[PDB]
Amino acid sequence: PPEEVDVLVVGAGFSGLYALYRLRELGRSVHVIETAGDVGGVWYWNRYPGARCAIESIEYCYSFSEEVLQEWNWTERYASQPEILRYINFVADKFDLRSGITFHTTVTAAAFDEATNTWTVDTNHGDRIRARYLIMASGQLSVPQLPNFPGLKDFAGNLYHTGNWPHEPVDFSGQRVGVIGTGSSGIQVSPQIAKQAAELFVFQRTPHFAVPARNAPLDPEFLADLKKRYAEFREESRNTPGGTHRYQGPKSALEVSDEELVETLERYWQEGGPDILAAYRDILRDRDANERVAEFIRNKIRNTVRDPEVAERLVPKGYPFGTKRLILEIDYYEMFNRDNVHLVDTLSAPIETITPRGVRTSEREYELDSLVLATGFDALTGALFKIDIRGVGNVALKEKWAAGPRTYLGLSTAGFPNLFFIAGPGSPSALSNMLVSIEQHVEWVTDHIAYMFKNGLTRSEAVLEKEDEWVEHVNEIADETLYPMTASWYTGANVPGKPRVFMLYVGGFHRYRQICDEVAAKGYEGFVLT
Ligand SMILES: Cc1cc2nc3c(=O)[nH]c(=O)nc-3n(C[C@H](O)[C@H](O)[C@H](O)COP(=O)(O)OP(=O)(O)OC[C@H]3O[C@@H](n4cnc5c(N)ncnc54)[C@H](O)[C@@H]3O)c2cc1C
Ligand SMILES: NC(=O)c1ccc[n+]([C@@H]2O[C@H](COP(=O)([O-])OP(=O)(O)OC[C@H]3O[C@@H](n4cnc5c(N)ncnc54)[C@H](OP(=O)(O)O)[C@@H]3O)[C@@H](O)[C@H]2O)c1
Numbered sequence: 013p014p015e016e017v018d019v020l021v022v023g024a025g026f027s028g029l030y031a032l033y034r035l036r037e038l039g040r041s042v043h044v045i046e047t048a049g050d051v052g053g054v055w056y057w058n059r060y061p062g063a064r065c066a067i068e069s070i071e072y073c074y075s076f077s078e079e080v081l082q083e084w085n086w087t088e089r090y091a092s093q094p095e096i097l098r099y100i101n102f103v104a105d106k107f108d109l110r111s112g113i114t115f116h117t118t119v120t121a122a123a124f125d126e127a128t129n130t131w132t133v134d135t136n137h138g139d140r141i142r143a144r145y146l147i148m149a150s151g152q153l154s155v156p157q158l159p160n161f162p163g164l165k166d167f168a169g170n171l172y173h174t175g176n177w178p179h180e181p182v183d184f185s186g187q188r189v190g191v192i193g194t195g196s197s198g199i200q201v202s203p204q205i206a207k208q209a210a211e212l213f214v215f216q217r218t219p220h221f222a223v224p225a226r227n228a229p230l231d232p233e234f235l236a237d238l239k240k241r242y243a244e245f246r247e248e249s250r251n252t253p254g255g256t257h258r259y260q261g262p263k264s265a266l267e268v269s270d271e272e273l274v275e276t277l278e279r280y281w282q283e284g285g286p287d288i289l290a291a292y293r294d295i296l297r298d299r300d301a302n303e304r305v306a307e308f309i310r311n312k313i314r315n316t317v318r319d320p321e322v323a324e325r326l327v328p329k330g331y332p333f334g335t336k337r338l339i340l341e342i343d344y345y346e347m348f349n350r351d352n353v354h355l356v357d358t359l360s361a362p363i364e365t366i367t368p369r370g371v372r373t374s375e376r377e378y379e380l381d382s383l384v385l386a387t388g389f390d391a392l393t394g395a396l397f398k399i400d401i402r403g404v405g406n407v408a409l410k411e412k413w414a415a416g417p418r419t420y421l422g423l424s425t426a427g428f429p430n431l432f433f434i435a436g437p438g439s440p441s442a443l444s445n446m447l448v449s450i451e452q453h454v455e456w457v458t459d460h461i462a463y464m465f466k467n468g469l470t471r472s473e474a475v476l477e478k479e480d481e482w483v484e485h486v487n488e489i490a491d492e493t494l495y496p497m498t499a500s501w502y503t504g505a506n507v508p509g510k511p512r513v514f515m516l517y518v519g520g521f522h523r524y525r526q527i528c529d530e531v532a533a534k535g536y537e538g539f540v541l542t
């Protein structure tokens, strides 16, 4: 890795690879540092069986390259992780991206030097790079989180986390296997494992809402047709709250009769996918509205499993539909109908400790040959906090953000000039199709950088007052929805001791992009440039 560079980029997943590509195109020196052996980010790390995207392949893809759009052939309604990894390798090879990337290398600290207006960045290999701009493309869901209980290191069997899955197939044949966590990771990994294991124990805490994916082959007519209008189709997706073609249902879940509700929701349930989140305009705004939808979903869940005792344990309760990430399930509910699959309800009987033989609840011991941790991620701030980042006056990012992330547009933080966060806290981030949130942040940041070199500036900084205004705005629009009142990773609720604040912008990607454009249009209002 070079000793000096215009822009250093941390992370080689979607965000990082695009930042590299566009920056070269703008004629800036740029280099990328990445912990992993190769490119991919989440689709490199998350190789557990059943790993699949929950945005339709034709939406969840880059649009910066008409060539890539014309050449790539997706195959399924929802792409499996290995296909998305092939796609990302395709794009990397096409634009020759690896010559710009150092792999196997973890950034450990970065400190801003006020005299030079530059960042000096250090790695666990002892490299030191001096860069004018520092782009953290280091992910949202990139640091695995272990669950909160002892005896983990004592377990005699094999121990896995889904976000750090082995690079070659793991064989569960004839095993007694435990999965802890039933987020989308656990929901995807579990039916795969149940095919091999002599017995599978699924350790559920709060149940998550899941609806049928109804995956299907992609019609190759449809692909070829779509391509003729691809750039147009994408543009429609950029002009939405969600970054996809999801239908924005006009009515209120409350204005309709029961019969019309069932019938409309029945159509979504048969169709499959996440679009039901926008069946009515107020599902995420009004608790009575939300509840009518949630109830319809709970009953479909009940009717999915024959033992009604086991079915009632699968019904999510205590939090509004859609306020933890919606999950797309494939034969997950069906799975509890098998002899060798066991739902362990750890709300009724909490896990007390892992033992050398298995798992202890307050009710009994569970002997196991392997334990799979589907326990999620220290989300949104996790990766940043693992790095000793220091701004003006030696302030640690970790400390300034200790009560929750403070940003302007989520893009930068006051006190830390020349530093940009891709698709993180204070922006749409994971509340969209992330390829659309990711391209828009990469273009805005890399445009900002180009504008800086153009007009002769060397220092970009969020104005503290606008940040404070932005933080309060994010919180106040979040408080008009039901989002903040549920314990989700959006809220930091899954890391012990982490401050409970809703971390994402909820006003929709479209409106967020309009605001960013007005900002850059006025020469970057809310930034101070010198
Ligand atoms: C299992 C899973 C499924 C998902 N499914 C969807 C989906 O269906 N729809 C959707 O819109 N989004 C989904 N997401 C969200 C996902 O975060 C984004 O879609 C997108 O892949 C994020 O890309 P990225 O480049 O920003 O971050 P990442 O892909 O996470 O890349 C960050 C990279 O930075 C590296 N890194 C972090 N810190 C350092 C450091 N200190 N030094 C060097 N390298 C570092 C990591 O190794 C990683 O490779 C999913 C995420 C996960 C984990
Ligand atoms: N496209 C996809 O289908 C897909 C697949 C995987 C991941 N993702 C992305 O990644 C996000 C995270 O998914 P995820 O399933 O990995 O993690 P998650 O949504 O954060 O779920 C973690 C799970 O582990 C359980 N858990 C956590 N801590 C525990 C503890 N201390 N004791 C007992 N149980 C514990 C949680 O229970 P509680 O809920 O009760 O806390 C939850 O069931 C998703 O929401 C999505 O954004 C997407």
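When we follow PDB author numbering, the leftmost residue of the sequence shown carries the number 13, and every step to the right adds one.
Where a beta carbon is used, it is the ideal one built from N, C-alpha and C, also for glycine.
Nearest CA to the CA of residue i: which residue from the options?
{"i": "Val182", "options": "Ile192, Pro162 and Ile205", "result": "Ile205"}
{"i": "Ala121", "options": "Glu484, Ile401, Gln93 and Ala533", "result": "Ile401"}
{"i": "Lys312", "options": "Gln260, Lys398 and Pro224", "result": "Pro224"}
{"i": "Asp491", "options": "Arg140, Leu296 and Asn430", "result": "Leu296"}
{"i": "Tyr420", "options": "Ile147, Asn251, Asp480 and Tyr30", "result": "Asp480"}
{"i": "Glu233", "options": "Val507, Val42 and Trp86", "result": "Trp86"}
{"i": "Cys73", "options": "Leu238, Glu88, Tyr99 and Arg376", "result": "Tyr99"}
{"i": "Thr316", "options": "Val189, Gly261 and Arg350", "result": "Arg350"}
{"i": "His522", "options": "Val448, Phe539 and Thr470", "result": "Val448"}
{"i": "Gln187", "options": "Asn136, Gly195, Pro178 and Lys207", "result": "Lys207"}
{"i": "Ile527", "options": "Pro14, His485 and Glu379", "result": "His485"}
{"i": "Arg471", "options": "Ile70, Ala104, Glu126 and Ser27", "result": "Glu126"}
{"i": "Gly255", "options": "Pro13, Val17, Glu68 and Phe26", "result": "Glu68"}
{"i": "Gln452", "options": "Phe76, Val21, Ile70 and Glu46", "result": "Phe76"}
{"i": "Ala123", "options": "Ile434, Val407 and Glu530", "result": "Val407"}
{"i": "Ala435", "options": "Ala499, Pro14, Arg525 and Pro13", "result": "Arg525"}
{"i": "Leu541", "options": "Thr498, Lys510 and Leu469", "result": "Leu469"}
{"i": "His179", "options": "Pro61, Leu230, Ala66 and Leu109", "result": "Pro61"}
{"i": "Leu340", "options": "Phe26, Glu211, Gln282 and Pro94", "result": "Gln282"}
{"i": "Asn227", "options": "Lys510, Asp357, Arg110 and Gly284", "result": "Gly284"}
Tell me which same chain residues have a C-beta within less than 6 Å of the C-beta of residue i, skipping the five on either side of it?
{"i": "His173", "result": "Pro156 and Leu385"}
{"i": "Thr503", "result": "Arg512 and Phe514"}
{"i": "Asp134", "result": "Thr120, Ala121 and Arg140"}
{"i": "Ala442", "result": "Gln152"}
{"i": "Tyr145", "result": "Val19, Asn430 and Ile461"}
{"i": "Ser92", "result": "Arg64"}
{"i": "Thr130", "result": "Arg142 and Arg144"}
Considering only DSSP beta bridges, list what residue i is partnered with.
{"i": "residue 571", "result": "Residue 571 is absent from the model: the chain starts at 13 and stops at 542."}
{"i": "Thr130", "result": "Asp125"}
{"i": "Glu16", "result": "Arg142"}
{"i": "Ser424", "result": "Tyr420"}
{"i": "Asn170", "result": "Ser382"}
{"i": "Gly370", "result": "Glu379"}
{"i": "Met148", "result": "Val22 and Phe433"}
{"i": "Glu473", "result": "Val540"}
{"i": "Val119", "result": "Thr135"}
{"i": "residue 543", "result": "Limits of the chain in this structure are 13 at one end and 542 at the other, which puts residue 543 out of reach."}
{"i": "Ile363", "result": "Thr373"}
{"i": "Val223", "result": "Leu340"}
What does a CB cutoff of less than 8 Å around residue i pick up in its chain, not counting 5 residues either side in sequence?
{"i": "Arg299", "result": "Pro332 and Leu494"}
{"i": "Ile489", "result": "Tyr517, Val518 and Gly519"}
{"i": "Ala533", "result": "none"}
{"i": "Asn176", "result": "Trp57 and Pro156"}
Within its chain, find whatever has a CB closer than 7 Å to the CB of residue i; leave out the 5 residues flanking it on each side and keep chain order.
{"i": "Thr393", "result": "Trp413, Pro417 and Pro437"}
{"i": "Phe397", "result": "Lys410"}
{"i": "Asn506", "result": "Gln157 and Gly388"}
{"i": "residue 2", "result": "Because residue 2 is not part of the residues shown, which for the chain are 13 to 542, the question remains open."}
{"i": "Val322", "result": "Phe348 and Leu355"}
Got a sec: does ligand 3 put a non-hydrogen atom nearer than 7 Å to the Cβ of residue i?
{"i": "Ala206", "result": "As for ligand 3, it is missing from this structure, which binds only ligand 1 and ligand 2."}
- request: Examine the Cβ distances between the stretch 322 to 331 and the stretch 215 to 230 and report whether three or more of them are shorter than 8 Å.
  value: yes
message: I'd like to know if the stretch 452 to 464 and the stretch 260 to 277 are in contact, where contact means that at least 3 CB-CB pairs between them fall below 8 Å.
response: no
- prompt: Just checking, does the stretch 187 to 200 make contact with the stretch 339 to 350 on the three C-beta pairs under 8 Å criterion?
  reply: yes
message: Could you check whether the stretch 358 to 372 touches the stretch 158 to 169, counting it as contact only if at least three pairs of C-beta atoms, one from each stretch, sit closer than 8 Å?
response: yes
message: Below 8 Å, how does it come out for the stretch 460 to 479 and the stretch 424 to 444: are there three or more Cβ pairs, yes or no?
response: yes
- prompt: Should the stretch 233 to 242 be regarded as contacting the stretch 376 to 391, the criterion being three or more beta carbon pairs within less than 8 Å?
  reply: no
- request: Specify whether the stretch 47 to 60 and the stretch 75 to 82 touch according to this definition: at least 3 beta carbon pairs, one from each stretch, less than 8 Å apart.
  value: no
message: Count Cβ pairs between the stretch 35 to 45 and the stretch 461 to 471 that sit closer than 8 Å; are there 3 or more?
response: yes
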